[PDB]
**Q** 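Just passing along the structure, written as structure tokens.
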Amino acid sequence: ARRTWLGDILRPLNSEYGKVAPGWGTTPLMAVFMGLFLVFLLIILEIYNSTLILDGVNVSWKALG
Amino acid sequence: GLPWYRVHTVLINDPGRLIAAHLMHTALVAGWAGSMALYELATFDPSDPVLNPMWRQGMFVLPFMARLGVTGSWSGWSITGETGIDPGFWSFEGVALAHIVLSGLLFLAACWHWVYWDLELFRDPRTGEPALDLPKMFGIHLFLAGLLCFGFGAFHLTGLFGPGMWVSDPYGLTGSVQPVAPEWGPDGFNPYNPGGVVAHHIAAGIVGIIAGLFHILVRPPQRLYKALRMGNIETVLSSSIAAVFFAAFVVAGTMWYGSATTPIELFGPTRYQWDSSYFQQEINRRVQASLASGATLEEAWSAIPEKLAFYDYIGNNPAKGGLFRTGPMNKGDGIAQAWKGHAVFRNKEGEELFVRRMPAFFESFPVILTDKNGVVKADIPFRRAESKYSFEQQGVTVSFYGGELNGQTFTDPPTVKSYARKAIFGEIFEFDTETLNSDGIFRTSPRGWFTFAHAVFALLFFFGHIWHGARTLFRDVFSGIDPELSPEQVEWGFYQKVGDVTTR
Amino acid sequence: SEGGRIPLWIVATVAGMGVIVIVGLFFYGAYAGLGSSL
Amino acid sequence: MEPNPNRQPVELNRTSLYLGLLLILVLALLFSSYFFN
Amino acid sequence: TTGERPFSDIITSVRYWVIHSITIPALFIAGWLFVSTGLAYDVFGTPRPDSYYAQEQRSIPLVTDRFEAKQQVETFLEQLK
Amino acid sequence: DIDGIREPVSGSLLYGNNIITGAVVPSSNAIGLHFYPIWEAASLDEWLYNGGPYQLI
Amino acid sequence: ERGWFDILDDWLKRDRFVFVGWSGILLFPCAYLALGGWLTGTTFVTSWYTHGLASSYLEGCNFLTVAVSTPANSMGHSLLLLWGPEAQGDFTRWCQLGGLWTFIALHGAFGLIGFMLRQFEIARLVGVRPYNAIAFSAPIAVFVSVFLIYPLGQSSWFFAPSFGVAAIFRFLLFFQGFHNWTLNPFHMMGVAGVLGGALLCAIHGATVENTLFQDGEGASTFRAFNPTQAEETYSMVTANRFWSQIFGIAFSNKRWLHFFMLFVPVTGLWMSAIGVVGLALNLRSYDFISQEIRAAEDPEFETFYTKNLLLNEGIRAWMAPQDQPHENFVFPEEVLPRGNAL
Amino acid sequence: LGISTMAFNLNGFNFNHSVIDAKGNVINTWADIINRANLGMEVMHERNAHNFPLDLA
Amino acid sequence: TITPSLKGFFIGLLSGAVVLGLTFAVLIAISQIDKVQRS
Amino acid sequence: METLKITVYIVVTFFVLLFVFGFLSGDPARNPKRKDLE
Amino acid sequence: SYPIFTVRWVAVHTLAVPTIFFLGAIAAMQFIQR
Amino acid sequence: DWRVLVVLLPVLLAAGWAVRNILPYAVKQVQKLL
Amino acid sequence: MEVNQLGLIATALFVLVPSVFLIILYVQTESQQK
Amino acid sequence: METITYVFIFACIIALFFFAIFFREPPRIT
Ligand code: CLA
Ligand code: CLA
Ligand code: CLA
Ligand code: CLA
Ligand SMILES: CCCCCCCCCCCCCCCC(=O)OC[C@H](COP(=O)(O)OC[C@@H](O)CO)OC(=O)CCCCCCCCCCCCCCC
Ligand SMILES: CC1=C(/C=C/C(C)=C/C=C/C(C)=C/C=C/C=C(C)/C=C/C=C(C)/C=C/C2=C(C)CCCC2(C)C)C(C)(C)CCC1
Ligand SMILES: CC1=C(/C=C/C(C)=C/C=C/C(C)=C/C=C/C=C(C)/C=C/C=C(C)/C=C/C2=C(C)CCCC2(C)C)C(C)(C)CCC1
Ligand SMILES: CCCCCCCCCCCCO[C@@H]1O[C@H](CO)[C@@H](O[C@H]2O[C@H](CO)[C@@H](O)[C@H](O)[C@H]2O)[C@H](O)[C@H]1O
Ligand SMILES: CCCCCCCS[C@@H]1O[C@H](CO)[C@@H](O)[C@H](O)[C@H]1O
Ligand SMILES: CCCCCCCS[C@@H]1O[C@H](CO)[C@@H](O)[C@H](O)[C@H]1O
Ligand SMILES: CCCCCCCS[C@@H]1O[C@H](CO)[C@@H](O)[C@H](O)[C@H]1O
Ligand code: OEX
Ligand SMILES: [Ca+2]
Ligand SMILES: [Ca+2]
Ligand SMILES: [Cl-]
Ligand SMILES: [Cl-]
Ligand SMILES: [Fe+2]
Ligand SMILES: [Mg+2]
């Protein structure tokens, strides 16, 4: 294959195909972030939906003048 | 050979040519943006932002330019109605040109990457086979996206180094591009607060930078690597398509309901504003405040801006169009010229009467007039023989306050009836139907068209997600199942755990 | 106790008759009391 | 330049041509009324 | 087969029917009483035949406000004297 | 004149129809269940006005 | 690597009478609640406060007229959660406000997700290609377009279909009168896919059944087949000749035949879904402009298209006051559109 | 067979005003809404062809 | 401040968590009690 | 019209006669297997 | 030999128990008069 | 609420009766699984 | 009739473009070595 | 122009029927 200056510079960033951490690794941490993100989406959805209604938060064109 | 629907699969193990095909796609999209902006500039009439704004003229990319701060033409005009403005290079024309040149450079890069496909960069150093390290690539790209998202937020939207964004008053009368500070309290999650858009790009930008660094530095767990087939580029296609249909549903929704990023001065008003008489309530409030301050009826109504009256008209309601009724809103009811003023109907007893407005559901609707307490007082009858509410029987008249017909009164049944028929549409306007040969049939706005296209494309992309996820997780059987599939593997009870040969 | 003592054909017959009876009751109810139009 | 080993011939058999043409033509016969409006 | 006792075994056994000749009529009677005592009406808020309208009213009790809807239903209910 | 009330309905392409609106229109209510072949008409113009093509087809 | 996850995985995939799976955790509760909500609502729950209708067995409705009806128009697109701001944790009030409608719609949606995940999971365990799930994408596009996107585009959940036989019939007629839905080429493609699918089902079944090889002595021919047999049970060659001579063309490739049987009804349903997304926005195929210009100028010009529009106008005027009670429509007799005598 | 028996006017189930309260007020069901739609269709179809109050074919 | 709807939100979140947790506790327990036989 | 009518009657008669005399020309024997069905 | 309380037992009863209850309720309804 | 007791009482006696007939085999099934 | 003036070319290209695509693929399949 | 278009598409379809039946690739038993 053809080498080039730039390809030589970028080589290390494409040299670890298939490399994995043992077992479950950071899955538990990932799960937690997924759970937080689900709740964040439910919050913003319920706000837009007026199912969750917060003081100072007027979901309307008449929010701020 | 390959069937027609598989021709592009030749790219799966050829990162150079895949990059070339992507460069070519990008070139075509940038080229589209350039061409679209040019067509719109060649057809847009900037002379009346009150009764002929961009959303009445079928403008689709112009409001997206305006939304982020491009409001002027090299020709001297601006979308807010100013004269003698100098926009610098970044006028609508400059944006279009920039997109064309970008398109060109991308095309050339595509050619280079297509010829010189066999770069050593694309080979796995240990096997010599083509390979992309997708997890690290995801980190790299996420980091980049994070820096850009953050930059956009902290510099562009804030006006720190940039123009800001389109903002307006609650009735879409005084819109302009303004610098916007981030909103860090709970109101940042209010769709109608622009400060939340700012805050979002700052915070999510930061989170993108952090997650990016994580994904650059930390390898996937073996179990997730295997489960999601992280060695197969089609897994990335599957999940990317999922993310994309999610984003598309969200933009369709925020376009339909409105938010700080889908302003009515750029896309037209929403159907819900007609549904709840939003503009009518504001108009009546203003008129009452004037009356209470000692104004005459004529003065009260003459004090209503034409733009505001224009919002209170069903011809601008995005839920009144048709799938094959093509073009700009102007092609239907015509190009709006002037507010006729507010029509007040009275019967022979001098009681004020109110025309029943058309709900969006109805292509056609009767003409029925009630008193302030909803009692029917007059109508236009179908069968005449037992009519009791005809305008003729009831002596219905109509007087105008404000607008072109201000101070005038009409008593002849044909005229009164004509105005009543217009009154079902809300406030009444004079239109030029000749310039464009308008056919008098309602069309939706860019709010409508955008919403439609994006809900449909999102729904289709769901199928895309299902198809590619399936191809990813069932790669081993996509030319068929094992010819030697033992019957006992699908026979009930033989294995304790379905399809697990260790559990006989 | 052990499966078999009560012949399956009798079970099917009795169950079926039961089904017929209840649906019959529902059709009677179409003509009397609520929903009867009377 | 060395040839690309990922190239593949493409095919469309006659039945597929006929099915394709029937699809396009019927789709046209259907949508044309709406294009003319 | 997947390990569980065949249905045809079960429903032709004496024990099944010793249990179910009690359990099946009991449930049926319970459902009957749920209606006959009038409990169902109160649980689900379904109008009895004499509770759709007040004596002289002929207008439907339609809910017209989202956030005070509960109070509106309570008011409609109060209006049946 | 599908309903026999001298109110002719246009079904053909050349007379203002598209593929979606077009039709061969049922024979006249004045005819009812009577057999109306071409030779029962005084002329093809008559046959056509009364919806003869429908019965033939 | 034998941790709790793998042990649970073991349990979930036991070859038992009703397969569970990881997908079962989503599917079973959601499907059960959706069916239970419908049975519960149609048996006991009114629509007096939301629609001014009786809708349950308790009130005197029959199987054809029971329904779980949509919430009042004033609820907008409220998720209408039991603990939400509308019902405030009050179960009786929740039923009276139409909470069972969103309960059923939402649990049903997650249940359909569960079922398609089940099709994937089982395909993967057994080792077959996942075309059954893929084909199930069409029911999903239909449910999502009709029960969610369509009313989300309109004023409120009120205009979603209500869950009941007659209620659905009302949905059909409403779509005719207000949307002219039969005129829509997306609906039309849907019709072609459904009827074409039914046609393929029938013709394929009958063809197989009538080109059977005699593989046994009996005059009832079902027993002369064995699941494990390698041989085709009917003659593709004879089938092919018969159809080539009858209809001019015939299948010759069984794999293509079966794929086509997937393709036709799945594609049809997908097209119908697209048209409904348009109707969410009233973006209808309601008119042909050329027709209307000609007709408006020429009082002798009449087509089946104009006739159908007069029918639609009748539907809107005569059905609206009772079908849309929140609008408080009062249409005096004299304004009602009517032909002579009727 | 539905079409072929409705041909002789044995029609769909009719539950118009089947549900009635204690006083005798009509309590509408979805069947009655269907009825209103059907009325729109009925009163509009063939707008010039009927001279008498009942459409008997 | 905690509005009645934010309180309600909390209640719904807690209810969901409880249903999910109870479900998984039970499934895990049963999975532990009734293990598959392997060679 | 009369010429048209006679013509059409003759055509119809011709084909109907073909149908009838045709199905009378030993049709059960026109099959691939057991022919002697008289 | 065979277990009694299985997953199948549970599924069967989650359907059959409310069904018989519901059928008793609907039966009682047939005797309600306005 | 007396109506609630009147309705649940049938089901309760049903449950209790089915436990009486199946308890010996239930304890055998469970003590086998363990 | 006052039809849309783009309908003719819309229809023509709608037919022509994909049909030509299919014809190109068909002919070059045929010309491949038998 | 419209009528010509509709009739033309139709005509192409009938021609296609002709080719698809009489000039199909013959089915061959391998
Ligand atoms: C405090 C800092 C901060 C602030 C003030 C904001 C502010 C905002 N965020 Mg951001 N965000 C932040 C940090 C912040 N963010 C961080 C750190 C992250 C993680 C990187 C995000 C990730 C994020 C996401 C993923 C989204 C937002 C969105 C928003 C906007 C929400 C209002 C809205 O229009 O919702 C509208 C959107 C919803 C209500 C979400 C609906 C979710 C759907 C219903 C789930 C189901 C999808 C499925 C396909 C639906 C199919 C069914 C249907 C078709 C029937 C608002 C500008 C939303 C947005 O972009 O709006 C335009 C959005 O989607 N943010
Ligand atoms: C997101 C996509 C999108 C959207 C929402 C808009 C929106 C708009 N465009 Mg723009 N435009 C776009 C992309 C878009 N455009 C592209 C890609 C081009 C290049 C061709 C253009 C070029 C363009 C021009 C030249 C003009 C517009 C105009 C407009 C305005 C009028 C729209 C209209 O009448 O549509 C009508 C929409 C339809 C008739 C829908 C067609 C649906 C197809 C036919 C369905 C096909 C079904 C399929 C074949 C079935 C396959 C079945 C098989 C799978 C089994 C509107 C604001 C007009 C304007 O007013 O400018 C000022 C105008 O003159 N646009
Ligand atoms: C990011 C989006 C994306 C990308 C990069 C791909 C990429 C791929 N798809 Mg997937 N797919 C997607 C989204 C995507 N798809 C979506 C949204 C759907 C549902 C519509 C599908 C449904 C799908 C199926 C059923 C199949 C694929 C297949 C493929 C592979 C071969 C495609 C090919 O050779 O077609 C060649 C295409 C042509 C020669 C002509 C297509 C003409 C189209 C149909 C009409 C005109 C399209 C127009 C130019 C598009 C304008 C842009 C649009 C956004 C408006 C390729 C890896 C195939 C595969 O898996 O091979 C193993 C395959 O069978 N895709
Ligand atoms: C397991 C499958 C399943 C799924 C997917 C759903 C889904 C749904 N249910 Mg259903 N339901 C289920 C089983 C399920 N249910 C069961 C088994 C029952 C019987 C108890 C019910 C009874 C039920 C009722 C009575 C209602 C619903 C409703 C709903 C909807 C609203 C749910 C919600 O907002 O949760 C919010 C909670 C979560 C999403 C939990 C997320 C878990 C997080 C990530 C963990 C962190 C929690 C945190 C640490 C706790 C802090 C709490 C503290 C601050 C107080 C949603 C569609 C509502 C509805 O349909 O309205 C129309 C409704 O009224 N469900
Ligand atoms: C005896 C009941 C007959 C009912 C009417 C006919 C049903 C079957 C006809 C369908 C034709 C399909 C095209 C040919 C399909 C075809 O070729 O069939 C072939 C198939 C198999 O043929 P065999 O030659 O093996 O057997 C038929 C004879 O030769 C006798 O052995 O025929 C049958 O299975 C007959 C079944 C009789 C019993 C069927 C009852 C099914 C319906 C029961 C009533 C339900 C009504 C519900 C209303 C709510
Ligand atoms: C080379 C070069 C250059 C140039 C460039 C250029 C000139 C470019 C252009 C470009 C362009 C100019 C492009 C364009 C594009 C476009 C597109 C890409 C489009 C597409 C479209 C579509 C795809 C559509 C579709 C559709 C239809 C048609 C109908 C309706 C529906 C839909 C929408 C689907 C320069 C000098 C700069 C420099 C460098 C070199
Ligand atoms: C909603 C809800 C819920 C749930 C509930 C449930 C889950 C329920 C279930 C329920 C059920 C589960 C019920 C059932 C029922 C059943 C029935 C009612 C049946 C009937 C049947 C019949 C009547 C039959 C008929 C027939 C047929 C079908 C065919 C054959 C013949 C005959 C005619 C016999 C909860 C609490 C969670 C929460 C709150 C809300
Ligand atoms: C109203 C329409 C006229 C109705 C008349 C009905 C009258 C009933 C008797 C009709 C005469 C039947 O005459 C019938 O036709 C021809 C005449 O050569 C005979 O001849 C036929 O015999 C063999 C039978 O294997 C055929 O293969 C052969 O092609 C043909 O020649 C039939 O064997 C004879 O049975
Ligand atoms: C592609 C050709 C490049 C032509 C560049 C013209 C620059 S034009 C120049 O730009 C400045 C920033 O926009 C403005 O401040 C200034 O008013 C304007 O005249
Ligand atoms: C590639 C050739 C295109 C070169 C176009 C350069 C436009 S440059 C542009 O010109 C305007 C004059 O009206 C000024 O208002 C503006 O400030 C200036 O940037
Ligand atoms: C004889 C009619 C006298 C009253 C005038 C009609 C109502 S107002 C009228 O409405 C038209 C659309 O129909 C517009 O095109 C026009 O601009 C406007 O004058
Ligand atoms: O024709 Mn046709 O439609 Ca059987 O009803 Mn009578 O007629 Mn007429 O009216 Mn209704
Ligand atoms: Ca004109
Ligand atoms: Ca009484
Ligand atoms: Cl008619
Ligand atoms: Cl008459
Ligand atoms: Fe088959
Ligand atoms: Mg009764």
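Within every chain, numbering begins at 1; the chains are lettered A, B, ... in the order of the sequence lines, protein sequences first and strands thereafter.
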**Q** Less than 6.0 angstrom from the centroid, inside 45 degrees of the normal: does L:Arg3 satisfy that with respect to the ring of E:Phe34?
**A**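 No.
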**Q** Applying a heavy-atom distance below 4.5 Å, give me the residues of residues 57-64 of chain E that approach chain L, sorted by number.
**A**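 Listed by number, there are no contacting residues, so the answer is none.
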**Q** Write down the atom of L:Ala14, the atom of E:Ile22, and the distance for their closest heavy-atom approach.
**A**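 Taking L:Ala14 first and E:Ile22 second, the nearest heavy atoms are CA-CG2, 4.4 Å.
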**Q** So, using salt bridge (charged side-chain N to carboxylate O under 4.0 Å, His left out) as the criterion, who are the partners of E:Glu74 when residues are at least two apart?
**A** E:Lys70, G:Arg93
**Q** Could you check which of E:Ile24, E:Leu27, E:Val18 has the highest count of heavy-atom pairs closer than 4.5 Å to chain L?
**A**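 Heavy-atom pairs under 4.5 Å are most numerous for E:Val18.
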**Q** What distance do E:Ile29 atom CD1 and L:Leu13 atom CG have between them, rounded to the nearest 0.5 Å?
**A**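 Those atoms lie 10.0 Å apart.
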**Q** Which residue in the set E:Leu39, E:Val43, E:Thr37 passes side-chain contact (heavy atoms from CB on, under 4.5 Å) when paired with L:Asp1?
**A**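 Only one option passes, and that is E:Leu39.
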**Q** For the residue pair E:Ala26 and L:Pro10, what are the closest heavy atoms and their distance?
**A**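 Closest pair (atom of E:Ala26, atom of L:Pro10, distance): O-CB, 3.1 Å.
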**Q** Between atom CH2 of L:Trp17 and atom CD1 of E:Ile19, what is the distance when rounded to the nearest 0.5 Å?
**A** 9.5 Å
